[PDB]
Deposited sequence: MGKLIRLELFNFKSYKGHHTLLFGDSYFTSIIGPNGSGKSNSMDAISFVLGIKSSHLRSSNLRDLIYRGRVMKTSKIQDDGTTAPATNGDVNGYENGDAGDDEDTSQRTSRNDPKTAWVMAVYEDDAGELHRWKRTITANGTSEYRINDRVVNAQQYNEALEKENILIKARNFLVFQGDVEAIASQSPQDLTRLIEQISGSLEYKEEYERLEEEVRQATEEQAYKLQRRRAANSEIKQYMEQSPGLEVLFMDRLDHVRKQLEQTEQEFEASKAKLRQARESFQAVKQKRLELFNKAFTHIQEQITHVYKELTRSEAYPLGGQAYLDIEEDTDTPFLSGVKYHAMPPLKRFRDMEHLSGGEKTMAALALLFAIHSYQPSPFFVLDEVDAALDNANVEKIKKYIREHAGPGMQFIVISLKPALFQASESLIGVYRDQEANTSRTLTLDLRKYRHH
């Protein structure tokens, strides 16, 4: 489906009721002059969808309650109303189609539309770009574990590996006890005890002491077997989820990075790949190598790239990651602010080539070269006499190109 509007009420710089309208637009840019409230748009979106990245301070203050509602039209297309409220004591209320629910039931309704808070497959903050462009190989592995679902098996994985380690040395210990017992039997029998008992209750001590060593070993064997099987099952599920995500992203990254580095002067674009850093039978225990080289560049280390080149490589990875679990809509922070005109153009081209049914784009945009190409605009301005932000809309599909 798609979002057709967000409704705000006393949210940050918005006094009273306001609407962030998208309609049937599959590419909306949110724009406005500095200090108009545009930046509060990200806040409202990530608030109503449940992102945790203070709760009393979101309520409008003239210098009392607030809520944000997302209105979503599925493929049927029926309406879904997702409202989060900030009450007078700072706690959150959740409503789905105007009925109260708890936080878990809220996320589940969103998950059913593939709006996945655990993978944040629907939103790119500005900070995500900096974080991606400076992360370690092991950070990237952990990110893929996170978005893939495999990270939820990590602690169970490590607990069961420890059980295997203990139950193993326990088996070896009880095996050596049984080897010593059966060795004491050979010595005790060469003692010719049949004669000693014919001319003794201790012979019954060895009876139950040997019977004990046998039962104890057989229990360590079965316990090690159970631990080994439990561990192998969790290991297989963790590997399965990780490999499925890694395979997708490794396949896509080559294409997305080209799309974002193609130009008239270099129509082939640059080259990127993902790879497991070290040889291993368990890929999720190694770091992931992300290497991207713009056109006509080729050195082993990426830190020699420019800030623009690093940003575009980071965006390509974020797109490739989020394509594994496609969100119906996609919210892009004000990344065009820091980009040169050539890169702003490439972002614009990428969006226009993907924005449509199945992938709605909502973009915070500072650069006209980007937002002048939208299907529609949301302008945010400050009404200073009323001390509130306000919104206007413009349908750009009515006007021509060139």
Numbering the deposited sequence from 1, which residue ranges have no coordinates here? 1, 55-60, 71-114
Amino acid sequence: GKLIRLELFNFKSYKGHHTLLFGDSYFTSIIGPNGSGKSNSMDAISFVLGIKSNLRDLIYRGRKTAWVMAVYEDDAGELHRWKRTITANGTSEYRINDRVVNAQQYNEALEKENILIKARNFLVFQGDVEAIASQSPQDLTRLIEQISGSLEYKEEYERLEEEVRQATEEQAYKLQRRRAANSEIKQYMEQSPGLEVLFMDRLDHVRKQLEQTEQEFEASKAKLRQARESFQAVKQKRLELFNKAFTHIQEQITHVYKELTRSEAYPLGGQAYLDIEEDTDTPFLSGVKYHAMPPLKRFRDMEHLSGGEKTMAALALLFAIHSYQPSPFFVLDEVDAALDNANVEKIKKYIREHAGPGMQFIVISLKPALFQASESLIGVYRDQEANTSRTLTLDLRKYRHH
From here on, numbers count along this sequence of modelled residues.
Highest mean C-alpha temperature factor of the two stretches 182-190 and 308-316, which is it? 182-190
For the stretches 132-140 and 167-175, which has the higher mean C-alpha B-factor as given in the deposited record? 167-175
Identity of residue with top Cα B-factor, from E196, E111, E259, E240: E196
Out of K367, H354, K64, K348, which one has a C-alpha B factor higher than all the others in the entry? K64
Ranking every modelled residue in this chain by its Cα temperature factor as given in the entry, which third contains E158? middle
By the record's CA B-factor, is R225 among the lowest, middle or highest third of residues in the chain? middle
Sorting the chain's modelled residues by C-alpha B-factor, tell me whether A233 ends up in the lowest, middle or highest third. middle
Would you check the entry's CA temperature factor for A373 and let me know if it's in the chain's lowest, middle or highest third? lowest
Split into thirds by Cα B-factor across the chain's modelled residues, where does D57 land: lowest, middle or highest? highest
